[PDB]
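Here's the structure we're looking at; comments come further down.
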Amino acid sequence: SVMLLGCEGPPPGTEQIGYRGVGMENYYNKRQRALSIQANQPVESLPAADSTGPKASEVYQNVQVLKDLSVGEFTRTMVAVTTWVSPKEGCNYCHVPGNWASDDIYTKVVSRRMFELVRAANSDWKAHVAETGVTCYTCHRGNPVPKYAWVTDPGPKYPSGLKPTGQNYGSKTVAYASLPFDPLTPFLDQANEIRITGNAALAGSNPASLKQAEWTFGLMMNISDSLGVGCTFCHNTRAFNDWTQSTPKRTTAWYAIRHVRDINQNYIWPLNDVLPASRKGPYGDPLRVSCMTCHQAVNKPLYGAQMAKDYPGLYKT
Amino acid sequence: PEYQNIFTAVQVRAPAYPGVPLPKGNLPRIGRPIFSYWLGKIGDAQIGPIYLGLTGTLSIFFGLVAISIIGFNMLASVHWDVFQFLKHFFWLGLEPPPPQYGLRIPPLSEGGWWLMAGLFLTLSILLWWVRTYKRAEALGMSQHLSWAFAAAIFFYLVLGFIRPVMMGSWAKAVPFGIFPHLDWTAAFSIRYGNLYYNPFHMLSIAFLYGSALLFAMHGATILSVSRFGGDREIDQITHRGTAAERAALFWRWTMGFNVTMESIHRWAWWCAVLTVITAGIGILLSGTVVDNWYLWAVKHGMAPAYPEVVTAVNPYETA
Amino acid sequence: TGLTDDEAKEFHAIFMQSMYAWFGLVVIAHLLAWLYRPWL
Amino acid sequence: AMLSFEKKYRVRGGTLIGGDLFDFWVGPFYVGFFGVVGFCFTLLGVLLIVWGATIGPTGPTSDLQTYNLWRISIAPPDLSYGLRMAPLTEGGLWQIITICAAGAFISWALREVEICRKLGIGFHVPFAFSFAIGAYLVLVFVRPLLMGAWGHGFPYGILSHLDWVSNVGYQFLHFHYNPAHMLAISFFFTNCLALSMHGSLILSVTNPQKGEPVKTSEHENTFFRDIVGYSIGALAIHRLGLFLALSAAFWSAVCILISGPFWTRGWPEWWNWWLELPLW
Amino acid sequence: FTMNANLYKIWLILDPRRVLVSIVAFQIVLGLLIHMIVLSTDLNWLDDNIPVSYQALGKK
Amino acid sequence: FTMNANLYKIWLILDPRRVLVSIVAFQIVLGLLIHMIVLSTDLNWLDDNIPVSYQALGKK
Amino acid sequence: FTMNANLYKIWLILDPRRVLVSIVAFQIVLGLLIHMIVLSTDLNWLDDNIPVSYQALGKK
Amino acid sequence: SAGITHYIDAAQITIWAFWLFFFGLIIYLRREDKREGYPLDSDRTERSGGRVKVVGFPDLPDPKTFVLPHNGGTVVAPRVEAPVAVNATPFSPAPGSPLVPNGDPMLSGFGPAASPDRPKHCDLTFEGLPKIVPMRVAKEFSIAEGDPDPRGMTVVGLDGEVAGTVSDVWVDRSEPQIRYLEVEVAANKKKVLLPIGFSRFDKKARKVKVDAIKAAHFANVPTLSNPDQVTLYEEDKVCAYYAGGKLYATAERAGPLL
Ligand code: BCL
Ligand code: BCL
Ligand code: BCL
Ligand code: BCL
Ligand SMILES: CC[C@H]1c2cc3[nH]c4c(c3C)C(=O)[C@H](C(=O)OC)c4c3nc(cc4[nH]c(cc(n2)[C@@H]1C)c(C(C)=O)c4C)[C@@H](C)[C@@H]3CCC(=O)OC/C=C(\C)CCC[C@H](C)CCC[C@H](C)CCCC(C)C
Ligand SMILES: CC(C)=CCC/C(C)=C/CC/C(C)=C/CC/C(C)=C/CC/C(C)=C/CC/C(C)=C/CC/C(C)=C/CC/C(C)=C/CC1=C(C)C(=O)c2ccccc2C1=O
Ligand SMILES: COC(C)(C)C/C=C/C(C)=C/C=C/C(C)=C/C=C/C(C)=C/C=C\C=C(C)\C=C\C=C(C)\C=C\C=C(C)\C=C\CC(C)(C)OC
Ligand code: HEM
Ligand code: HEM
Ligand code: HEM
Ligand code: HEM
Ligand SMILES: [Ca+2]
Ligand SMILES: [Ca+2]
Ligand SMILES: [Fe+3]
């Protein structure tokens, strides 16, 4: 249609990913990166606690996870949570006026899981989250319902039978491309083989479909815009599948592709039973998690913001 | 109107030329010629008449079915909401039949309309090829155009006839979509290890490039010599003239050698017609003969070697 | 144009009877389907 | 050695710089000022390109250093130096060699200039050739400059400069969605569609059926008027072509330029402006 | 019959070659654009309801 | 056609043939355009409620 | 062929050779089309159901 | 393309299949590239190429046969053409060196002004009338509705001084367009034809600017035999005269700029 002439100006950012002149380069907008950081800032960690006194399970009667911690630490981990999840509706969000131990309001129930959820991440999935970790903020960023949560997208409108063609619509999911645009469910939620790049010189070995690769391209797109980078970041395009060449990040993300599965298959999906309507998608599936959920357009959530470190209750006990 | 033989400064008009007499059996031309001052300021102003016989009518009607089918489904997905139609036009497109049908005739829903609108577009071209063949011999003309158009058609069918069918799945076929078809060529490459290393694909580029190159030379040269009547190639091919008489010397002195006013047009032909020739092939080989053109290259010591400043592990072998 | 009043009125007449030829053949068409498969 | 009709054209004069001095013909070529110039760049670079094949990525004794025309490669220096000269070994060659490219391309045009100046022909060819050179001045100067690193250029490796085209391409995801890029592509295709059409017609009118005379412009017009209705015109095509050709390159130049300096996000996304329009 | 009174004068400015030809086209495409879109619609007749699936019966 | 009386003048500068034919087209497209647009979201008698049963009931 | 009487007059204004080719072609597509649009839906007679599966008694 | 092969496969069994066809087609072409010009004339600089050879890589092709239309002769390609003439002397006894035009280079008929002896006949249309003729004969041709009329404009010159005024323009029956301008020189009061290629317009001052030759040069312009049709012979010798101006109309032009 029309030709672009400059919606962004020079000189853009630069990051040499590969050997001199390999094409592998990262180009980022200066200002945007600024605003992103600025508006994408964490919340100062709370003051250290006495870490002494009695234990959680000692006094508090209905505690199933934060027992290891003491009182001050636990009271602390209760504060943090409220500022990170529902700093808007106060403690009454996951509790009952007076019943500091009741489990009537679903917000609590999940909170329990969500707790184990986080911990796990920082404790067992360190190849991905590294020595940094994630907190309720990383996803909730101060909102009862994480803004960047997903669900099985229904797709385009119903032509009364021939509607299955779910690849003709620019969904923000895939960086405004025209791919299936719903790779999150089949992949991030399921476990469909992402690999299609034949490993043999001649044909007759790989039965992969052309559509299949389009699907992978889908997911990749989405992932690419989730962390907010360019494939160069993870790979050298001439070797989409040669790892011996592709980039350390490539692997790091690998694990996440499953760390996400884990988060949906063993935590987010089970809670649906208690989650209300406004939290359930059209297909009845609950709002799950995606690379976009945490990362939210930044290779390293909150630009390497190390929050979990200052919170011992946010680690497997 | 800057005159570097760019825009016809002053135009003139004569009675609508109803084409030259055709042979017996060829229907008389139709359409009252039109005149456009602007258009004519680029080249010719008169318009039509146009020929339309059996093959022609049978074609204009045929392919016009495919287009409808396509544009139809497109406006169908948008739930017949033109608003969102003219919005997602680029994205909208008629997707091919799912792999769960191979080559069998799918229902209008799951890939049917595509196939139908496909055959109607396949023959529409094959038929149109004959339409051109009938316009050549009817004027005692040769079939250089058909030969070329054929070549193009070759690569056209490679995207559905010879390759997909040779693969046993209508899935390996380009879809009816402005954007989605860009993804097709985008995916195809990814699926087959990067077409940059595919031999034929390179050879074909040499043409997409060469082509552009030559015309940039020719189209230009003819103009630069348009002074000495260098545009009238015909009478130049018959009896060489001063235009073509310096027109070559230039190239000769510049690059050493050269060709004749006629000759060149022959190069151009083979530099353009050979484009798709190396097209249908490079794709006819992909999927069937080869599956990963990258390893294929290095297999023959083609792929270049680069130092290792960056490398990633492999959780598969590890775990 | 390209004609006078005479040839003009003659065309219009026959041209009409041919149009009602359609409406009738099509309305009767609709109706036959209307009975079979009711739309709306 | 001259053509049957060459002698009567080899006139003296029409030189831009120091013509009379180098004003002469060496075989079927012409020298003049710019004539010698380009050469002084040719061997000074062509050989350096060979010196690269000789030396190699790390060293001449390395296992990387190869002579396979396919694997041969001359990549530019890191993006660290930016606009600084890197060691001849670590990017220096490319840098210098490239400076020889401009000296060859540009001079080659300038040389064509006065060459036409002698034949009293039009300066179309050179002006046209300019674009090609211009496009180059973008993939090595313009772009890199607004990117702050001569390392943004493309490697000089028969197959090596393809990867640089794959990465930088995917650097913006699906590089197929670039506006200028698309547009340009269309042109390249139209152009080829033009050649396959022009060249064909000529040969189809000057070499008709057996026992047939050489057709005239009277036919050409009708021919394309009977298949699709209108006929652009004789020189018209020679115009149209020249247009497409140049346009193809121009829009392309823009295509890569906008990629990076004027846009860092993913091209596929750029099209969003059309989506976020208050109309749908 | 009412309007048919002075509507004859129409052909005096609008050539019959025009109407006749365009009319055919419109009514042709237009028509096909109905069984078509409507077909794709619920009241499909080819493979919607009846004939009740015999394919299933006869096939196997 | 009340005040339309004076409007008689329009014909000399608004060419008859053109005005009629062209206008006749504008509606052709619009007519479909609209039907298409309304048929899109508002209500789709073709695939919304009854008397359609054969479609859904007849299918399964 | 009753109405044929008045219908004869058409030949005087439109070139007979046109309506013939336009139609001989128009039916060409329509035919190739119908078997297609139908064979792709209502009954894919060729290899969807009856007769004796070329797959069952075939493949085995 | 490697000297030694250790790998075999279909993909490569077809690639070479191309190069052979290519190496062949490039030759097919070359052959054709010699249907006008060769053989060469001298030896100033011994034919350069990876492999010298007598007359190029490919032996000259066989003479093709061109049947011109009705009322026309016949052309052969290639053809043995008789040696031409050079109205210039060698700027130096050293091969390659240029040839200085004798007398007034503006009419020495050399280089820029030099033109081959095209057929002393005239090009025609499909039926048989002279293709290019003056509007004084083209009873049908008229100036495009809107576009300004040339007939009546004053033809200026290089130096700027007026050289004459247009009395008519020559249109083309075959290809609707304006190819020449029947200019009426003031000096010689003669009638010379002006080619579009050199004809520039300034609709503002009703002129037909010309940077080719000076206004004075318009005087001795190759006259035409029949004012009712332009002969191919002269036609090519016409606009060629103007070319000279492109390199002779001023000593400064041929002279270096730096
Ligand atoms: C345009 C975008 C990219 C690019 C993208 C691509 C892609 C994509 C492809 C090529 C391909 C080619 N490119 Mg590249 N290429 C670029 C810039 C260049 C430049 C340059 C001076 O800037 C050069 C010289 C080349 C040269 C070449 C050729 C080796 C090869 C044939 C193309 C062709 O047929 O054109 C038409 C013209 C001709 C046939 C005539 C002249 C070209 C000759 C044959 C090439 C000689 C180059 C030579 C090896 C350089 C050293 C010369 C020394 C004196 C020995 N590229 C830019 C950076 N290029 C194709 C290929 O196969 O690469 C392996 C291919 O598919
Ligand atoms: C993942 C990869 C991306 C991609 C990434 C890129 C990138 C990255 C770039 C392009 C560029 C281009 N791409 Mg892309 N491109 C993709 C897919 C495509 C497809 C496709 C069908 O899929 C097509 C048709 C194209 C088409 C194009 C061209 C429009 C454009 C090259 C323009 C040009 O004319 O340079 C014209 C030529 C030149 C610059 C070279 C100058 C020539 C010199 C002066 C002469 C050399 C003479 C030599 C020394 C002598 C040889 C003779 C020997 C002595 C014998 N791309 C995919 C999606 N593309 C490039 C571009 O936009 O350039 C503007 C670019 O940078
Ligand atoms: C929708 C649900 C129903 C159904 C309901 C309807 C309805 C309702 C209608 C049709 C109509 C038609 N249906 Mg049905 N139809 C169904 C299933 C089918 C199937 C199928 C395979 O399942 C098929 C093949 C058809 C086929 C057809 C066509 C015969 C017909 C379209 C006529 C037309 O538009 O002419 C296009 C028009 C023209 C070319 C020009 C106008 C005609 C004039 C009067 C004659 C030309 C005069 C000329 C100047 C003189 C020269 C003569 C020659 C041209 C030389 N139907 C299902 C079961 N069908 C339409 C019909 O037949 O109306 C009568 C109609 O109204
Ligand atoms: C959405 C809810 C309703 C519905 C509500 C409406 C409404 C509301 C309207 C229609 C109208 C129409 N509907 Mg409905 N419609 C429905 C379902 C359908 C279905 C279906 C398959 O389900 C179909 C096929 C139709 C079909 C139609 C068309 C017959 C008609 C549009 C006429 C037109 O565009 O003139 C375009 C115009 C012209 C070509 C020219 C202008 C007319 C002039 C006055 C006459 C020509 C003069 C000329 C110069 C003289 C020479 C004569 C010849 C041209 C040679 N409807 C559903 C059930 N429908 C419109 C209508 O009926 O108008 C009467 C309308 O207003
Ligand atoms: C819009 C402009 C179009 C165009 C036009 C065009 N090209 C032209 C011309 C014109 C009008 C000429 O007049 C000129 C020509 O052929 O003159 C006889 C030419 C030409 N177009 C050429 C090539 C070319 N054009 C291309 C494109 C185009 N040319 C566009 C379509 C392309 C591509 C990439 O598609 C190529 C490859 C040349 C054949 C020729 C110009 C030759 C010339 O001037 O060479 C000068 C220099 C040397 C011979 C020596 C170079 C050695 C240096 C010291 C080193 C430089 C290193 C180099 C950068 C590395 C390249 C490595 C790659 C293999 C990776
Ligand atoms: C590994 C191994 C064993 C190696 C061996 C190596 C050996 C033996 C080496 C020794 C051999 C050597 C050194 C050879 C060197 C040869 C060299 C350097 C040649 C330099 C010349 C050069 C760079 C030429 C470029 C030519 C190119 C690429 C042109 C591209 C366009 C193209 C297809 C041109 C061909 C057709 C032509 C000539 C078109 C030009 C042309 C055009 C465009 C017109 O419009 C026109 C109009 C009217 C009349 C004529 C013409 C006309 O001629
Ligand atoms: C509603 O629409 C209206 C009436 C308004 C008209 C508007 C229409 C519009 C706007 C249409 C727009 C169409 C567009 C934008 C189309 C775009 C198409 C694109 C981009 C296509 C790109 C590539 C297409 C390819 C490569 C197609 C290849 C097709 C092939 C190879 C088909 C092969 C078919 C075969 C071999 C059939 C064989 C017959 C059988 C199947 C029987 O053999 C067993
Ligand atoms: C500052 C306000 C808050 C206070 C004072 C507070 C206090 C407490 C206390 C005292 C307990 C343990 C008591 C018991 O069970 O016996 C507790 C448990 C719990 N609170 Fe809070 N809380 C606050 C906000 C929140 C919020 C906003 C959430 C929700 C995200 C939440 C979720 C929970 C959960 C899930 C448990 C049980 C933990 C377990 O299973 O180990 N609380 N809270
Ligand atoms: C340990 C800290 C966390 C706490 C206390 C917490 C708490 C909660 C609560 C109370 C809800 C229910 C909200 C409602 O709808 O009323 C919820 C939902 C959810 N949480 Fe968390 N969460 C934590 C961490 C996370 C993290 C790290 C992620 C990111 C992957 C996440 C993702 C989600 C999602 C996807 C939902 C469903 C959306 C919704 O309920 O509206 N949560 N969380
Ligand atoms: C938009 C540009 C990108 C494209 C076109 C792309 C394409 C691909 C393809 C085709 C594969 C499958 C390879 C095979 O057959 O084994 C793949 C896998 C993969 N990509 Fe990307 N990718 C892109 C960006 C990224 C980015 C930015 C990351 C990093 C965060 C990434 C991480 C991965 C991982 C981890 C896998 C392996 C998945 C598995 O376990 O199957 N990719 N990519
Ligand atoms: C499947 C989608 C995901 C992908 C592909 C992915 C990928 C990556 C990659 C490649 C990094 C390393 C970045 C660097 O080196 O600078 C990273 C870091 C990180 N990711 Fe993810 N991630 C995904 C989902 C998530 C989710 C859902 C969370 C949220 C709980 C998360 C939390 C983190 C954290 C906290 C880091 C920082 C660790 C460090 O500093 O090294 N990621 N991720
Ligand atoms: Ca697709
Ligand atoms: Ca209904
Ligand atoms: Fe030409």
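Swiss-Prot numbering applies to chain A: residues 17-333, in that order.
Per the header: X-ray crystallography, 3.0 Å.
Cβ atoms are placed via backbone N, Cα and C, with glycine included.
What Swiss-Prot annotates here:
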- A:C23: S-diacylglycerol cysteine (LIPID)
- A:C23: N-palmitoyl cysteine (LIPID)
- A:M94, A:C107, A:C110, A:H111: heme 1 binding site (BINDING)
- A:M130, A:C152, A:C155, A:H156: heme 2 binding site (BINDING)
- A:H144, A:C307, A:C310, A:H311: heme 4 binding site (BINDING)
- A:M236, A:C247, A:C250, A:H251: heme 3 binding site (BINDING)
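Shown here: features listed in Swiss-Prot, placed on the structure.
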| residue | record | Cβ contacts under 8 Å, 6 or more apart |
| --- | --- | --- |
| A:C23 | S-diacylglycerol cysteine | none |
| A:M94 | heme 1 binding site | A:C107 |
| A:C110 | heme 1 binding site | A:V97, A:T98, A:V101, A:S102, A:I121, A:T123, A:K124, A:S127 |
| A:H144 | heme 4 binding site | A:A137, A:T268, A:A269, A:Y271, A:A272, A:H275 |
| A:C152 | heme 2 binding site | A:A96, A:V97, A:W100, A:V101, A:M130, A:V134 |
| A:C155 | heme 2 binding site | A:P162, A:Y164, A:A165, A:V305, A:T309, A:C310 |
| A:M236 | heme 3 binding site | A:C247 |
| A:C307 | heme 4 binding site | A:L204, A:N238, A:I239, A:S242, A:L243, A:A269, A:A272, A:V276 |
| A:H311 | heme 4 binding site | A:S242, A:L243, A:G244, A:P317 |
For A:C247 (heme 3 binding site), the number of other Cβ atoms found within 10 Å of its own Cβ: 25
DSSP three-state assignment (helix, strand or coil) for A:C250 (heme 3 binding site): coil
Among A:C107, A:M130, A:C250, A:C310, the most crowded of the binding-site residues [Cβ within 10 Å]: A:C310
Intrachain C-beta neighbours of A:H156 (heme 2 binding site), sequence separation six or more, cut-off 8 angstroms: A:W100, A:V101, A:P162
Neighbours of A:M130, A:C152, A:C155, A:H156 excl. site residues, C-beta within 8 Å of centre, heme 2: A:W100, A:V101, A:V134, A:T151, A:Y153, A:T154, A:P162
Cβ-based neighbourhood (8 Å from the centroid) of the heme 4 site, residues A:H144, A:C307, A:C310, A:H311 excluded: A:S242, A:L243, A:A272, A:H275, A:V276, A:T309, A:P317
Pairwise CA distance, A:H251 (heme 3 binding site) versus A:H111 (heme 1 binding site), rounded so that it is a whole Å: 47
Between A:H111 (heme 1 binding site) and A:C250 (heme 3 binding site): CA-CA distance (Å): 43
Shell of the heme 1 site beyond A:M94, A:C107, A:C110, A:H111, same chain only (C-beta within 8 angstroms of their C-beta centre): A:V97, A:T98, A:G106, A:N108, A:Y109, A:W116, A:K124
Site with most surrounding Cβ atoms, counting all protein chains shown within 10 Å, from the binding-site residues A:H111, A:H251: A:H251
Mapped DSSP class for A:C155 (heme 2 binding site), helix or strand or coil: helix
Where the C-beta lies under 6 angstroms from ligand 8, the matching recorded positions among A:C23, A:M94, A:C107, A:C110, A:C247, A:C307: A:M94, A:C107, A:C110
Binding-site residues close to ligand 11 - of A:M94, A:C250, A:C307, A:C310, only those whose C-beta is under 6 Å away: A:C307, A:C310
Span of A:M130, A:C152, A:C155, A:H156 around heme 2 - largest C-alpha separation, Å: 11
